[PDB]
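Asker: Going line by line, the protein sequences match chains B, A, D and C.
For reference, each letter of the first sequence is one residue, going 1 to 105, 109 to 137, 151 to 192, 205 to 342, 354 to 395 in PDB author numbering.
For reference, each letter of the second sequence is one residue, going 1 to 188, 203 to 395 in PDB author numbering.
For reference, each letter of the third sequence is one residue, going 1 to 235, 835 to 1047 in PDB author numbering.
For reference, each letter of the fourth sequence is one residue, going 1 to 235, 835 to 1047 in PDB author numbering.
Just so you know, even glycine gets a beta-carbon here, dropped at the ideal spot from N, CA and C.
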Amino acid sequence: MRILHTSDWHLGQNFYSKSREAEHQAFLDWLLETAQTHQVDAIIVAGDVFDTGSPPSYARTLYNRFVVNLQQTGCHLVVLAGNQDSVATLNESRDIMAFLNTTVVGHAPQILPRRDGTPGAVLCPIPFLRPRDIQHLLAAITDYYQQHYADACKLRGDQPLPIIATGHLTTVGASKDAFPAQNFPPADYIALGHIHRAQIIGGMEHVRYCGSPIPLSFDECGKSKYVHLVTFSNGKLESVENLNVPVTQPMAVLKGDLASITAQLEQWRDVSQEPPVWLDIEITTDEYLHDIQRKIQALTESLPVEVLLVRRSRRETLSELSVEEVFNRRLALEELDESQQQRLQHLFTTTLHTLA
Amino acid sequence: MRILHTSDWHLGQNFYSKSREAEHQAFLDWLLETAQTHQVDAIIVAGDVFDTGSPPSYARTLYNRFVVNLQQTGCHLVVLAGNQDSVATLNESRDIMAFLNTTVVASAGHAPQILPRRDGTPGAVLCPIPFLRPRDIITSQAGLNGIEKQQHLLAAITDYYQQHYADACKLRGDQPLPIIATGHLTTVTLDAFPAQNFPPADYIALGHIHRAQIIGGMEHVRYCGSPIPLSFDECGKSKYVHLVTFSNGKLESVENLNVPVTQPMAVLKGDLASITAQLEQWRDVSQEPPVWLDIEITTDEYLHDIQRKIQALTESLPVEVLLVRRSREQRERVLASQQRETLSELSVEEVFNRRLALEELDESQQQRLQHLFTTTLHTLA
Amino acid sequence: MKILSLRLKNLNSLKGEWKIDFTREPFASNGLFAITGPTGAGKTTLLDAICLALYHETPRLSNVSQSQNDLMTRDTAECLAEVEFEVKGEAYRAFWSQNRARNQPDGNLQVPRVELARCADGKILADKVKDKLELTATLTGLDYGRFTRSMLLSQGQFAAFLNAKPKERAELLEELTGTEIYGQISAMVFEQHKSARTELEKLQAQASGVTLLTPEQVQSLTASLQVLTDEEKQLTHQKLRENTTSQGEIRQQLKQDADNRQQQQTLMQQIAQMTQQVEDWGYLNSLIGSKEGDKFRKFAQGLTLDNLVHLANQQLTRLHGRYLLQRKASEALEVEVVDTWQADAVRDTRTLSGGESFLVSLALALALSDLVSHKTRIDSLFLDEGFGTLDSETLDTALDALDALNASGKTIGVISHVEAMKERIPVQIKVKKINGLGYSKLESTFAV
Amino acid sequence: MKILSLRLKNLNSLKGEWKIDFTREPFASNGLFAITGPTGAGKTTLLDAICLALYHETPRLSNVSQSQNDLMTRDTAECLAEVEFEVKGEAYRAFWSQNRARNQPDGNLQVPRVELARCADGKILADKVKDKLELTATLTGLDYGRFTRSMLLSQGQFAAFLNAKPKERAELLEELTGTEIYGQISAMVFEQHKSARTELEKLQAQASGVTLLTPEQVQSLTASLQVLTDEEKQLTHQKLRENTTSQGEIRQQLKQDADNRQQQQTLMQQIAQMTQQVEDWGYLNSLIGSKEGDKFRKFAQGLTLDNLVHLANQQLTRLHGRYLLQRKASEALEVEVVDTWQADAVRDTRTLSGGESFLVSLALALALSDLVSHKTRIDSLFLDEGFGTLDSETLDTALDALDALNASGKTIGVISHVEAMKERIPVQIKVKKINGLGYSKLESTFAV
DNA sequence: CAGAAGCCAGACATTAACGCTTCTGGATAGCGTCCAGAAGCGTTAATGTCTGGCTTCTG
Ligand SMILES: Nc1ncnc2c1ncn2[C@@H]1O[C@H](COP(=O)(O)OP(=O)(O)O)[C@@H](O)[C@H]1O
Ligand SMILES: Nc1ncnc2c1ncn2[C@@H]1O[C@H](COP(=O)(O)OP(=O)(O)O)[C@@H](O)[C@H]1O
Ligand SMILES: [Mg+2]
Ligand SMILES: [Mg+2]
Ligand SMILES: [Mn+2]
Ligand SMILES: [Mn+2]
Ligand SMILES: [Mn+2]
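(1) Which same chain residues, not among the five before or five after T975 of chain C, have their C-beta less than 6 Å away from its C-beta?
(2) Strictly closer than 5 Å from CB to any heavy atom of ligand 7: give me those residues in the order they appear in the chain.
(3) According to DSSP, is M72 of chain D part of a helix, a strand, or is it coil?
(4) Does chain A have any CB closer than 7 Å to the CB of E232 of chain C?
(5) Can you find the residues in the same chain that come closer than 8 Å, C-beta to C-beta, to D48 of chain B, ignoring five residues on each side of it along the sequence?
(6) Grab me the residues of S224 of chain C's own chain with a C-beta within less than 7 Å of its C-beta, minus the 5 sequence neighbours each way, in chain order.
(7) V877 of chain C lies in the beta strand (DSSP E); which residues open and close that run?
(8) Could you tell me whether any Cβ in chain D is nearer than 7 Å to the Cβ of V338 of chain A?
(9) Out of C:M1020, C:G89 and C:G40, which has the shortest C-alpha to C-alpha gap to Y1038 of chain C?
(10) Can you find at least 3 beta carbon pairs, one from the stretch 22-32 of chain C and one from the stretch 1020-1040 of chain D, that sit closer than 8 Å?
(11) With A53 of chain D and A94 of chain D assumed to form a contact (beta carbons below 8 Å), what rounded beta-carbon distance in angstroms separates them?
(12) Can you determine whether any heavy atom of ligand 6 sits closer than 6 Å to the C-beta of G82 of chain B, and answer yes or no?
(13) List the endpoints of the continuous beta strand (DSSP E) containing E180 of chain C.
(14) Whose Cβ in chain B lies nearer than 8 Å to the Cβ of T61 of chain A?
(15) By the 10 Å Cβ neighbour count, where 16 or more other Cβ atoms means buried, how is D314 of chain A classified, buried or exposed?
(16) Could you tell me if the beta carbon of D106 of chain C falls within a distance shorter than 6 Å of some heavy atom in ligand 2?
(17) In the DSSP assignment, what residue or residues form a beta bridge with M279 of chain A?
(18) Out of B:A111, B:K253 and B:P214, which has the shortest C-alpha to C-alpha gap to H234 of chain B?
(19) If I measure Cβ to Cβ from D216 of chain B and keep anything under 7 Å in the same chain, skipping five residues before and after, which residues do I get?
(20) The beta strand (DSSP E) spanning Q1027 of chain D covers which residue range?
(21) Only counting the same chain, and skipping five residues up and downstream in sequence, which positions put a Cβ closer than 8 Å to that of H110 of chain B?
(22) If you follow the beta strand (DSSP E) that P116 of chain A is part of, which residue opens it and which one closes it?
(23) Does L907 of chain C have its Cβ less than 7 Å from a Cβ in chain A?
(24) Counting beta carbon pairs with one atom in the stretch 56-71 of chain D and one in the stretch 144-158 of chain D, are three or more of them shorter than 8 Å?
(25) From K890 of chain D to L293 of chain A, what does the alpha carbon distance come to, in whole angstroms?
(26) At a cut-off of 6 Å, would you count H184 of chain B as near ligand 6, judging by its Cβ distance to the nearest heavy atom?
(27) Can you name the residues of chain C whose CB is closer than 7 Å to the CB of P38 of chain D?
(28) State yes or no: is the C-beta of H222 of chain B nearer than 6 Å to some heavy atom of ligand 6?
(29) What residues in its chain sit with their C-beta under 8 Å from that of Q104 of chain D, if we drop five residues either side in the sequence?
(30) In chain D, what lies closer than 9 Å to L61 of chain C by C-beta?
(31) Looking at the structure shown, is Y217 of chain A part of a helix, part of a strand, or coil, going by DSSP?
(32) In three-state DSSP terms, what is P122 of chain A?
(33) Any chance the CB of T993 of chain C is under 6 Å from a heavy atom of ligand 3?
(34) Counting only Cβ pairs nearer than 9 Å, list the residues of chain B close to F190 of chain C.
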């Protein structure tokens, strides 16, 4: 039995005063076409469908159109609640979504039917376990997963249905507290999200990272932009497959001196390709931002490229400095001592977290 | 054929920081029960489904629950766009509401559609006209005038209605099917819509007026009105929802259905004694859901500490005071004084008498105030 | 109040013992003159010198004191400004000076030295800053807030009086023509009302600080007394004290509850009695004012404003027949212009043109100065700027009006960058820069 | 963002409909132009149409609405103002209008009708005030607040930026550049501190509100208990009843006192722990954070005021080389003037002459306009009266610097009264005053 | 060098900047509901002003 795995869609993300409508729609259409071609049994997503708790209108339209197109396929879709994503906006359509042959999410394991309606496998729906819902928290999440696995085993009994586990968390041994990797319940396949970078973990295919299907940042613009296919054979794992995704908005990163980068922009000399290439600029010179931007605009206005941000690799503009750095600069006039500064920085982190 | 005529739901509206979710859910379940009882086939709401462009989450949950519950009966639902709401917020669910046999016609340019009956036979022909934003039907032109815009917009909307009515008539052809048309505009401070310019359709559903009433004395143009009171000027009035009987392509009759008042409201006018007397009448009964009350004080005396005196008067009863008002509008000044008087030779007693002469008190508190000011003046000598 | 002499040292661009006196022939001929020169030469400085000598403050600097002093010329030791003025029939002298740490071009600033004395009398009327301010205010009849918009009209703030909020506009009219008691009585009334209200609030705190036993608790305690007493009559020594001890517990609680209610009942009686009085105190406060003459001060000064606008109308008709002024039907102290040509337009001063607003402000200042001619007469006027916005076909009429005023004993000294009056005004105090050295000078006849 | 057209009717004093287009035989080049005429002849009205039709607020009148519409000329019942402007190679169109009751010269007013539209497609993008005033700001990159001090230096407000309040300047800088996250942090830390302080209170009040028996009374009750205890052993039945009854009164008093004491100890432990909590927020609220985001915003805007003054110095060097602005070490951010001629003399901005202050303000406004250049380009500037105070040579240098600036895309418009400057300027939109009727007219090529 | 004018270090009456509280006009209305703006009073650290100890120049 076949499953498509994806996570960190992050619809409605304003990428530096830009939009993602066209690339989101293209990726969704590609996903539908691939699902229809491969005759996949069901679709799973590991949370973080929306950027924030109040996504823009077009994100809702994209998600609804995706679901409507999925209806004609007849497959099964399960949606989890992400970390930044609030469950309030997901629970709104829960009643309609169930009527439209898809499930959204404390819950009980559910049997996943095949295309003909026969029971194919069982999944473990676990949304983002909020600390209010549940050292102590590590044991809480561990034995919560243990209880869910016990419930799934009780539901299975002697049935040949493979067990699938879902979750939205980070684990040890992964790179961009942490649930230990070895503490996983003995399930056939466990799906993880919350990390846009797909990577190997645990040495066994029972736990795999799908990552994000779209570039959330220039740092993650690498080739590892895959979507995982998991296949099953008579109740046992068959193989794991990875899918290359198309790109409708290439990302380019530039670094070096002004002369070197100006030479680099000559590669895109009036190519006139239909997707405008978005540029990330990293200049090592000491020239001020307010006029180095004018210097860059003195050349980019003719090329078929668009400039997103300018960064100096190391007076200075507020865009160069972060909130934590400026707050630390504010603390230079006060006596940090030993604990006062620790308490103040912890409280400032709490305030910046509770602001959004 | 039976159809429900309602509008101005205004879901998620905040009324003096008080939510309307309870009464909205009560009306939704009452409407569903009435639909099941009367065996309706299609329901039309004539706009203002959402109070704001970005309604809160619970309003969306209420709307989804209502549409899910209406799916059980199998009846058709038509959702009209108002002016307060968001066309994008309606279109984000218009695409998916099609699978539920419900239609959202927020976007302009919607073609007429056949309303099927419960037996599957063609019942009527829709003319689902939402609120016509000027940005979707007219084009800006220079060399304009102050009042030319209103006439141009009126001509454009009249032409749109004429064209849509003609298209609906030619689509229905010759079958004796009733013609239904929606509307979310006011109809006869020189901004209105002439009554006679509506096409001679079988029945016209007009909204955006919270008071249910008939326009121009013509029987097939009706204002559904609000489902629940939305301000203190309609607290004492009963809201209505219309059902329409259709057969053989012609209108037969309509009947008004009283809306239960789950949250009673009242308004008070008068001086302190009258307000207290009217407020104390609630001591007999015990309202488990608190009753919302308005206070409109019309007097001339000070009433020091209104916000505490009213609270003390209402503390012993489950009467939630929401707002107060007083006839505070008053101007004060020294008159011309014959253009000859000067402050140097004028007396403080005279200026005090002039100040008090503007007030409506005559002797009762006048003597006490005069004695009080004499005492105040005597401490600086 | 006409100025007799000026003397400055190291003020702004100017550097070194520049003394001018109007007793000489060129200034005593008519009393009207003009000042010109390059921008920044010191045209405003030589007019701000008298303001400093009189009120220890400048229109451009909030204050000058032992700190943040910067009015002296850069890299100098001592700066002083001394003036002589005649109030009534006698001339006085005002003096101000400031020194560095040790007369070096750098160091700490020392406390200012002030002396107000009578000319040719040798009597030091004052030797301290505050006493000097009080004495000069009493004798001249002009505080800074009245002088800086009745006698001198610095550039940029000429429209301040028309654009002044009533809170600061009413104070000037209160200070003029006497009658300072209105603000005092308003402040005192507010203070006593605040006292009579805060006394009642504490009684409310005591009212809600007394614990009262509920009627259910009262009856339950009383019911237990009957149970304890009845079980006693059913009779051993052990249960005698057992019921009796519980009997005593209930009796005190009822006694304490009665005592708690007794204290509350008396206090509620007291609260009721002074409640009726504080009601009238608040009612009076609602129409007599609070704190710094918030209300009823404008009510008192409306008549003075009416007299001032009545005089300003007759002066402005002589100046030019474009507008008339009268008080508008608003609670705030406002004056609105009347369009003579339309004969019906009633518009507020906020919509006036720049030149017309300047003319209205000048007319108001002249009428205000002439209003207090009875006590502490004012016979001087200075205009830093404002004639620029006027065209040649109206500036001539303005100069003719100023000449008509100067026909009397009043002395008017104007400053303007416009060359259209270089021949109208005979006397000019030329000011020159020096080769871009950063300093400036003037005619050698005034140097010392 | 540059202006391509204008239209008005009965705006302030211009009866009939008038329209000027900056795409004709005049204005063919981007050369600077000027408007001249008699004072008070609607000279600023031509500059008021742009501001009104863009931001619903004239520089003089605070707002225009159904009430207090003093803008309209008398004996008229309708007015309107339309603007066509271009940005990023595309053109838009703003609009504003208002009528009276039944098109009569008297009666109440109607709600103004507005419009924002694209001139290419012909569709409209806004029709309500509350959305149009935000969409125009988002599109042009500047709202009324940034407009009035970045591309329209109205008469009398040229030095607004220099003399503006530090909070206003910080708000302007943060609104022009940067993200308001600093403001939200500052305004929210104070709310958290207020919540913590309020919840800390009402616990001390509860602790102090419960009456406790003093230790002497506790011993007095205990002493009476043992005193009543001894004679009951020495004991009759009636005596026993009254004796043990008094024992119960003391016992319950001691019992309730201990219970009341125990509750107070519980509150003290929470308050003592909470006193450790309150310092978490007190120091944070003192260092940063306040209502409306003042302290943290003012601290953060220094890093961008440094960039702004760095740009301003470079701009001013070619305009007036006598002064170089600097950012002085002040808690309230301010610009500091450094004198080149006086050997790096440092002094406050408030002690500057009118012309030099105008130059500094103009340089700062120009640098502020050019700071947002990388995001959006502003190619218009209409400086109003106040430019004529300069000396001829200084005015000539300023005009030459403006001409040098005009080599770029900026279409500078200058409104003043200098005869030499008006002769020098090629294009003049002359206004003709009427012969006493009170109205004004334009050239016959503009009326329509 | 002895002593006086000048310079440097302490308490007290204003004062200007938030902050709270109340009141009100504008954007919507078949002339009604909040949202934002303004005015006025209360707090408080900051500051100018008056008063008491060291130090260089005149006799
Ligand atoms: N400490 C100082 N050092 C040098 N120049 C100074 C100092 N204080 C003030 N100035 C100069 O004094 C001049 C005063 O000019 P002002 O009389 O105000 O001119 P205007 O009459 O044109 O308004 C200015 O040029 C100013 O820069
Ligand atoms: N309410 C009004 N009705 C008619 N005309 C008015 C009204 N308010 C102002 N005006 C006219 O509008 C003119 C505008 O002056 P303006 O020329 O723009 O100023 P400036 O001369 O400072 O540039 C006024 O001088 C006056 O003639
Ligand atoms: Mg000057
Ligand atoms: Mg002007
Ligand atoms: Mn993610
Ligand atoms: Mn997440
Ligand atoms: Mn409505």
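Answerer: This is what the structure gives:
(1) Here the set comprises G141.
(2) Going down the chain, each residue whose beta-carbon is closer than 5 Å to a heavy atom of ligand 7 shows up: A:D8 and A:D48.
(3) Under the three-state reduction of DSSP output, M72 of chain D falls in the strand class.
(4) Chain A, which has no Cβ nearer than 7 Å to the Cβ of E232 of chain C, makes this no.
(5) Correct list, in chain order: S7, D8, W9, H10, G82, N83, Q84, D85, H184, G221 and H222.
(6) Closer than 7 Å at the Cβ level, and outside the excluded window around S224 of chain C, lie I849.
(7) Careful: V877 of chain C lies outside any beta strand (DSSP E), inside the alpha helix (DSSP H) at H836 to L886.
(8) Not closer than 7 Å to any Cβ of chain D, the Cβ of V338 of chain A fails to qualify, so no.
(9) Distances from the alpha-carbon of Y1038 of chain C to those of C:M1020, C:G89 and C:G40 put C:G40 closest.
(10) Taking 8 Å as the limit for Cβ pairs, the verdict is that the stretch 1020-1040 of chain D does not touch the stretch 22-32 of chain C.
(11) Going by Cβ atoms, the distance from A53 of chain D to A94 of chain D rounds to 5 Å, so yes, they are a contact pair.
(12) The answer is yes for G82 of chain B.
(13) Run containing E180 of chain C: none; DSSP gives neither H nor E here.
(14) Under a criterion of Cβ atoms nearer than 8 Å, the residues of chain B adjacent to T61 of chain A are, in order, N91 and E92.
(15) Looking at its Cβ environment, which holds fewer than 16 other Cβ atoms inside 10 Å, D314 of chain A is exposed.
(16) Flag unset: Cβ of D106 of chain C not near ligand 2.
(17) Among the bridge pairs identified by DSSP, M279 of chain A is matched with A:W306.
(18) Of B:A111, B:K253 and B:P214, the residue nearest in Cα terms is B:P214.
(19) The answer, listed in chain order, is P178, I179, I180, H234 and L265.
(20) Per DSSP, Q1027 of chain D belongs to the beta strand (DSSP E) from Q1027 to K1032.
(21) Closer than 8 Å at Cβ, skipping near neighbours: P128, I129 and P130.
(22) For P116 of chain A, the uninterrupted beta strand (DSSP E) segment begins and ends at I114 to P116.
(23) Chain A, which has no Cβ nearer than 7 Å to the Cβ of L907 of chain C, makes this no.
(24) The count of Cβ pairs closer than 8 Å, one atom from the stretch 144-158 of chain D and one from the stretch 56-71 of chain D, reaches three, so the stretches are in contact.
(25) Cα to Cα, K890 of chain D sits roughly 38 Å from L293 of chain A.
(26) Checking every heavy atom of ligand 6 against the Cβ of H184 of chain B, one is found closer than 6 Å.
(27) Neighbours of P38 of chain D on chain C, chain order: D990.
(28) Between ligand 6 and the CB of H222 of chain B, the shortest heavy atom gap is smaller than 6 Å.
(29) Counting only residues of its own chain and dropping the five nearest sequence neighbours on each side, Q104 of chain D has a CB closer than 8 Å to the CB of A77.
(30) At a beta-carbon threshold of 9 Å, the residues of chain D lying near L61 of chain C are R949 and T950, ordered along the chain.
(31) In the three-state DSSP reduction, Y217 of chain A falls in the strand class (E or B).
(32) DSSP places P122 of chain A in strand when its eight states are reduced to three.
(33) False, no ligand heavy atom lies under 6 Å from that Cβ.
(34) Here the premise fails: no neighbours, minimum Cβ distance about 11 Å.
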